[PDB]
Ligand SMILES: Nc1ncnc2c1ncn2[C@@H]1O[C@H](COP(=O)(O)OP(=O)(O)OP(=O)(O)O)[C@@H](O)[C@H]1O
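Read the single chain below, which is given as structure tokens and is the form deposited without this ligand.
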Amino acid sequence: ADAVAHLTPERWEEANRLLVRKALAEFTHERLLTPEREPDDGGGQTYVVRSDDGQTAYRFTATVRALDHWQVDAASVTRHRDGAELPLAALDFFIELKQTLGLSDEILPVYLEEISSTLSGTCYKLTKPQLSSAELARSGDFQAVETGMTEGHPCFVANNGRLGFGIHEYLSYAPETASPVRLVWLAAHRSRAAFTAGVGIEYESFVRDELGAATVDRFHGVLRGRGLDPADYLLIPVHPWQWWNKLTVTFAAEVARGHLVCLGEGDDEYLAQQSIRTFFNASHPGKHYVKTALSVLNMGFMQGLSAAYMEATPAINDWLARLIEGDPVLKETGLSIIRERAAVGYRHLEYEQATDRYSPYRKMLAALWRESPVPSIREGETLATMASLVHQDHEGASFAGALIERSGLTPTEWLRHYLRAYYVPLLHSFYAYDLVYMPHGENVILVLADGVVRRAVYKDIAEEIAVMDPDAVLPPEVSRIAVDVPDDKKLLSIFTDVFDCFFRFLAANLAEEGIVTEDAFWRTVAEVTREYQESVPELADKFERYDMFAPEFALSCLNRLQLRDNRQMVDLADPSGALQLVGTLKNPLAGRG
């Protein structure tokens, strides 16, 4: 009973209301829905969306903001059929709108699971102590912020499925539980496992730094006790779910043959971060994060980690770190990365022979270590995921709002600092190097001082960065990041991932709360843009070619990807074949060049 105590009628009702509100907003944004304006209820501002069959009506109020952003009011949402009101039920919403939303017969039931799971997660979150944005901002507690996020991805509606976790596993492993996790360590035979080190890393010292000499010794003692030579093995940390549910079954042959040997649990307590299988070391915050392979489904992908990709991983991070260090614009912004410093991959030789390069069976056992940002900060400074800037607490108060307030700066001065730290590097990376990232909430950490963004740190590099120049000259080990993207889609890396998928929400949240107008938000973005471009006149040709101030850019729809295919939302053999562009949005930078 304890495990399901969060699942009560009142919390489920609230969870449903929240999710339907989001569904209406975001599926409207994506043009799957087209709400009809009704004539004036309380001076107007009321819409209706009808079911596929027209019999059920979802009515609501909304404020429509820039980038076709629908701020659907959660308390206004009502559902009617036959003159009568019905309860708001997310499952029924998806069934009723299944043809409208483009959910096929094959996908609908699995997507309903994902929705059920997301809703369950909201119920769990509703049980947590309900901290205001102001309290969270005053805590200075990096992990209170990390584990206190509630929305998840702001676009995807089915965003917290974590399908593969039973409820007990949810409670042990989901980031919002803040449950401490001990990693399981394996010894992997060197005929199948390879460790790759970044600049300045050496394996023996590395694992001793991370585990301590005592634990390494103990692990050696496990090996010796079974008649194995430690020299023949490399250490690999695994997510306990992966061990108990996958490696001990799927990779039973490896365990049995002694290709993999279970060494026990490491001592240190870790916290799952937003990405679920990346772990922060709570016992020793200055130690590395550990990113693990986790074969659970979330937001269109299994959370596996490719063994083959590990070999290039530290080298790519070294390349990028060195590039950042060398670039005066980037220096001025204060940008840094937390490097993926070391990685270990395991090649299951028989699954390899049985599969192609894209199979999830090749992504079941690998790990990387990413440096902590904690040692880099000074006293006075605190850390927060950038996802926090779009967080709203239980009363609707923006966490960015709370930072603004604590800073004592005007909203636009506060924004300027954030934009110089986070945004300008994206501009300059694009224009100077053809370099893009995946710079969403969870892949940026903010360094804060008295509520002000002093600098931003990027993470999740090797698997996300791209150089949009198929002829790029790059060190051989990093040349796999060069890609061929049509010229007319290159700038979507900013317009989609920054503007439509992050700023859309940030600017809406701030305006709705009365803190700063969309006008001034986007003015500030424009001013920062212009000031950057004026500072690098040698790139003026490029600034003209790829116009940040163009009147429109494509609407790239995110939910549509998942609704079309919620198991492999992107074909990795053809990743740009997934993109779903549906008309254009007016650029809020238009007319501000």
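Don't overthink the numbering: it's just position in the shown sequence, from 1.
There is another form of the same protein, the form solved in complex with this ligand; it is not shown, and what comes next is about it.
For this chain, the superposed copy of this ligand, brought over from its placement in the deposited bound form, stays clear of the backbone and C-beta atoms by more than 2.4 Å at every atom, so the pocket is open. The partner is absent here, but in the deposited bound form a heavy atom of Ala387, alone among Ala387, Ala342, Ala307, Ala508, sits within 4.5 Å of this ligand. Proximity to this ligand in the deposited bound form, defined as a heavy atom within 4.5 Å, singles out one entry of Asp327, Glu96, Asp434, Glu442, which is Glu442. Proximity of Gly152 to this ligand in the deposited bound form falls within the 4.5 Å heavy atom cutoff. In the deposited bound form, this ligand lies farther than 4.5 Å from every heavy atom of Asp393.
This ligand is not drawn, but in the deposited bound form it has a heavy atom within 4.5 Å of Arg370. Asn317 falls outside the set of residues with a heavy atom inside 4.5 Å of this ligand in the deposited bound form. Here the chain stands by itself, but in the deposited bound form one stretch of 203-211, 296-304, 252-260, 110-118, 296-304, has heavy atoms within 4.5 Å of this ligand. With respect to this ligand in the deposited bound form, the three residues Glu135, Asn281 and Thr382 uniformly fall beyond 4.5 angstroms at the level of their nearest heavy atom.
In the deposited bound form, not one residue of 325-353 has a heavy atom within 4.5 Å of this ligand.
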